[PDB]
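# Analysis of the macromolecular model
Spelled out from the first residue to the last, the chains are:
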Amino acid sequence: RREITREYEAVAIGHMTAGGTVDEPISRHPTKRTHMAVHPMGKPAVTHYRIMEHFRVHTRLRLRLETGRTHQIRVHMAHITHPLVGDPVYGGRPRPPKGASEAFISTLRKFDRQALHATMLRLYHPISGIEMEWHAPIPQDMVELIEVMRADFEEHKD
RNA sequence: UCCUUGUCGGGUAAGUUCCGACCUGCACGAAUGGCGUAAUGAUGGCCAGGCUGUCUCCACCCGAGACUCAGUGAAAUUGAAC
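- As recorded in the PDB header, cryo-EM is the method behind this entry, and the stated resolution is 3.3 Å.

- For chain A, the PDB entry supplies the name Ribosomal large subunit pseudouridine synthase D and the organism Escherichia coli str. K-12 substr. MG1655.
- For this entry, the PDB record gives the title as "pre-50S-ObgE particle".

Structure representation (structure tokens):
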């Protein structure tokens, strides 16, 4: 019935403008067996995305995922040609920004994992019926990732 | 194999060419030889310093033609032409 609400924290590339919804059917990739690409005759899917703040050529954003299928959040974020930061399988080729500092380039090399994190989960108790709310602290790699981007954005553009 | 010439750096105010690198890269490929290689090359491509009419923008001058006169004297083409 799609009752449980799930929230995700992600970092993507590009200067975003506004949030919205994506509704694209998805099936298996015709050629590569480790990719799950968008297909017009695929399984219907719904995903929503919002933005909390922008950066130089990247962004920090909060979004909610309805169906927790295999790598749903990555492709729907990549179907708008705005791939995730550091994603090796679904994210785009590395593209450092103009006038990037050496420390910034190292951070992207250091952050060699996918930019995804779940912070807030809401559930209904089995035998009580009272909502529980929990929050997940931002992981250390993401803390430095947003820190280096904040310093770079406040130095180049400003 | 593709997308945002791939995009960051040098080179430039601005670089579809050049240089070591990120990757989603592995085909070639090890005597139909593979890697590196000092020196060498009227060898391919790029950059820098001096230099200049290459150029903005050409101007003048020196000579040989082009022009007139005297002599000799072709050419390809041509159905006919007011």
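Structure shown, so let's carry the discussion forward.
### Overview of a negative patch on the surface
- On the surface, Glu144, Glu147, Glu154 and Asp158 cluster together to form a negatively charged patch.
- In this structure, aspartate 158 sits in the segment after α3 (140–156).
- Judged by its relative accessible area of 69%, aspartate 158 is exposed.

### Observations regarding the environment of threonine 5
- Mapped onto the elements, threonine 5 comes out in the segment before β1 (6–13).
- C-alpha separation for the pair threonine 5 and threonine 47, spaced 42 residues apart in sequence, amounts to 12 Å.
- The contacts of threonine 5, once residues within four sequence positions are left out, are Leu121 and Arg122.

### Remarks on the pairing of β1
- Across the eight residues that make up β1, a large majority, seven, are buried.
- Two strands pair when backbone bridges link them, and β1 and strand β5 (residues 58–65) are joined in this way by eight bridges, in the antiparallel orientation. Bridging from a neighbouring strand, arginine 6 pairs with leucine 65 of β5.
- In the sheet, β1 pairs with strand β6 (residues 116–117) via two bridges, with the strands oriented antiparallel. In the strand pairing of β6, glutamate 9 is matched with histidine 117.

### Structural notes on the protein's contact with RNA strand B
- In the vicinity of RNA strand B, the contacting residues are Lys32, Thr81, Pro88, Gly91, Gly92, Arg93, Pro94, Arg95, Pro96, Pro97, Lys98 and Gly99.
- Sugar and phosphate atoms form 55% of the subset of RNA strand B atoms that lie within 4 Å of the protein.
- At a separation of 3.3 Å, a phosphate oxygen of RNA strand B approaches a polar side-chain atom of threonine 81.
- Within the side chain of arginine 93, an N or O atom sits 2.8 Å from a base oxygen of RNA strand B.
- Residue classes in the surface near RNA strand B are distributed as four nonpolar, four polar and four charged.

### Here's the deal with the layout of surface pockets
- In this structure, the largest pocket occupies an estimated 390 Å³ of space.
- In this structure, the largest pocket is lined by 19 residues; those nearest its centre are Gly86, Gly92, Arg93, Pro94 and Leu108.
- Tallying contributions element by element places helix α2 (residues 102–110) first for the lining of the largest pocket, with three residues.
- Counted by class, the lining of the largest pocket contains 10 nonpolar, four polar and five charged residues.

### Regarding the environment of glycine 42
- Along the chain, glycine 42 turns up in the loop between β2 (20–22) and β3 (47–49).
- Residue class for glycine 42 comes out buried when judged on its relative accessible area of 14%.
- Each C-alpha atom of the pair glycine 42 and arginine 28 lies 8.0 Å from the other, and the pair is 14 residues apart in sequence.
- For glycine 42, the contacting residues outside a window of four places in its chain are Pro25, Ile26 and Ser27.

Cut-offs applied
- Residues numbered from 1 in each chain as written, not as in the entry; some residues may be left out.
- Chains lettered and ligands numbered in written order.
- Part of a larger assembly, values for the part shown.
- Heavy atoms only, no water.
- Patch = residues over 30% accessible without salt bridge, like charges linked within 9 Å, V, L, I, M, F, W, Y side chains within 5 Å.
- Areas by Shrake-Rupley, 256 points an atom, 1.4 Å probe, with all protein chains shown as cover.
- Salt bridge = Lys/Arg side-chain N within 4 Å of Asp/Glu carboxyl O.
- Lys, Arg positive; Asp, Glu negative; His and termini not counted.
- Charge placed at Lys NZ, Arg CZ, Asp CG, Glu CD.
- Helix = DSSP H or I, 4+ residues; strand = E, 2+ residues; numbered from the N terminus.
- Buried < 20%, exposed > 50% of the residue type's maximum accessible area, 1.4 Å probe, protein only.
- Contact = heavy atoms within 4.5 Å.
- Pairing = 2+ DSSP bridges.
- Near = heavy atom within 4 Å.
- Polar contact = N/O pair within 3.5 Å; in protein donor to acceptor, adjacent residues only side chain to side chain.
- Nonpolar A, V, L, I, M, F, W, Y, C, P; charged D, E, K, R; others polar.
- 1 Å grid on protein atoms, 1.4 Å probe; cavity = no way out; pocket = protein on both sides within 12 Å on 5 of 7 lines; lining within 4 Å.
- Points joined across faces, edges and corners; volume = space filled by probe spheres on them.

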